[PDB]
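Bear in mind that the values in this text are calculations on the coordinates, not laboratory data. Note that we place each Cβ from the backbone using ideal geometry, even for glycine, and neighbour counts take in every protein chain shown.
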Ligand SMILES: [Ca+2]
Ligand SMILES: [Ca+2]
Ligand SMILES: [Ca+2]
Ligand SMILES: [Ca+2]
Ligand SMILES: [Cl-]
Ligand SMILES: [Cl-]
Ligand SMILES: [Mg+2]
Ligand SMILES: [Mg+2]
């Protein structure tokens, strides 16, 4: 698109600058441009792509939750009717969020996933597919909701199967995948027992492999393990 | 523009929702739309306009400072030359900031200021004119810079003259105007003694009028007075 | 806390 | 601190 005339290396350089400046919409546009060059992404580049879109969609998610809450309050009994404006603005934000999710899913489908052969890359991308379908699920209503949930679940499962076969239990990508799939189960799929089971097993298997790690790797793994523990503490 | 088909009251309602959601770009677009309806703004509406654009331009200013600092570091001796990308991206952010400033200045000129007859409104708008010329000054270089600085100064002065004649020394708008004009003198016009003098005199004249205020008004005034004190502490 | 998901560097 | 300017409600 609009980044078609810029060199791939220049797009990556500017993505890094935009991260420093907390200009995440710019960062996302630069990284979309880099993906569209058609070459596979390095580990660092995959992280830049993830940072960019997570910050953009995170802003949208937060705003949507605020607006949804106001809307729900207005639709209580004894609430003075104030017109269509709350619903309209919530729908505007919702549509913009859906559009960001669809952009990310588009990039993964054309053609990041199919060209990803190594476990580290394929699991990263499949986790991301799960995540962005889950964000779509948060705002979906009804029958759309069922198919969106199934799409998220299927992506997460495929990622889990690869990660279990190909990565150590302490691998950060494997841990973050399991963390997010567990939240999926609890918050989206109405399966709190599956959520708790997955988080516990993931934590215990990582604990037993920590002895193999360097000081730096130990720090990376234990950070994500603490997130599993924090959720388990909330849930039990 | 794009808000031409929406009712004025709906634009104001949505501006308030966007503030709650921290969606300041949306908030600014809604308030621009409300101004373009052509009716004068109430005190609350003026505040919404100010909140919206201050948050938008504040994001841009912060990003510009980050990028300018990286740029300046790259133009030191013994800095490995990394190409045009830093300058390009700094210019992109700079152009977007200039555009926001020009939009605000446009609204004030067409036709908020000329229709503002009461002191509270005219001083508010003239302060804003000073502020947005000052933000333009922060990024300007050379001869443009001189005329921009003069435009800021002239707007601030006109506001000061009205505020001194028509408002009590404790009025928050009067205090915030004086605070910002003092920073103008220190940071933009290279007149630190004028800055210090203005802040001191403003503080002392407000102190001597506090006895006239209600508990709530006292709280509003003393908050801004503390900002003058904080700057004076830095400067002396 | 509330629930947490994976951080991004 | 650094310098401060007027807050917006
Ligand atoms: Ca090339
Ligand atoms: Ca490949
Ligand atoms: Ca009307
Ligand atoms: Ca008038
Ligand atoms: Cl809307
Ligand atoms: Cl650029
Ligand atoms: Mg919808
Ligand atoms: Mg320029």
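A few remarks follow.
- For residue A:117, inter-copy separations between label points set 7 Å beyond Cα along the Cβ vector come to 7.9 nm, shortest first.
- Residue of A:80, A:96, A:194 that the Gaussian network model of chain A assigns the largest fluctuation, springs spanning Cα pairs under 10 Å: A:80
- Footprinting exposure proxy for A:57, B:66 (fewest neighbouring C-beta atoms within 10 Å first): B:66, A:57
- Convex hull volume of the Cα atoms of chain A, normalised per residue: 155 Å³.
- Extended-chain gain in nm, criterion 0.36 nm per residue less alpha-carbon gap, residue A:226 and residue A:115: 36.7 nm
- Mean silhouette area of the protein assembly as shown, derived from the convex hull of its C-alpha atoms and averaged over all directions, reads 29.5 nm².
- Cβ-derived FRET efficiency at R0 51 Å, residue A:200 paired with residue D:4, nearest 0.05: 0.55
- In this structure, residue B:187 and residue A:191 have a Cβ-Cβ separation that, at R0 = 60 Å, corresponds to a calculated FRET efficiency of about 0.55.
- Of A:131, A:118, A:102, the residue with the greatest mean-square motion in the GNM of chain A, using alpha carbon springs below 10 Å, is A:118.
- Other-copy label distances relative to residue B:73, 7 angstrom Cα-Cβ extension, nm: 4.3
- Rounded FRET efficiency, nearest 0.05, which uses the C-beta distance separating residue A:102 from residue A:75 and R0 of 22 Å: 0.20
- Nearest chain A C-beta to the A/B rotation axis, reported as residue and distance in angstrom, is A:25, 5.
- For residue B:192, inter-copy label distances in nm, listed shortest first [label point 7 Å out on the Cα-Cβ vector]: 6.2
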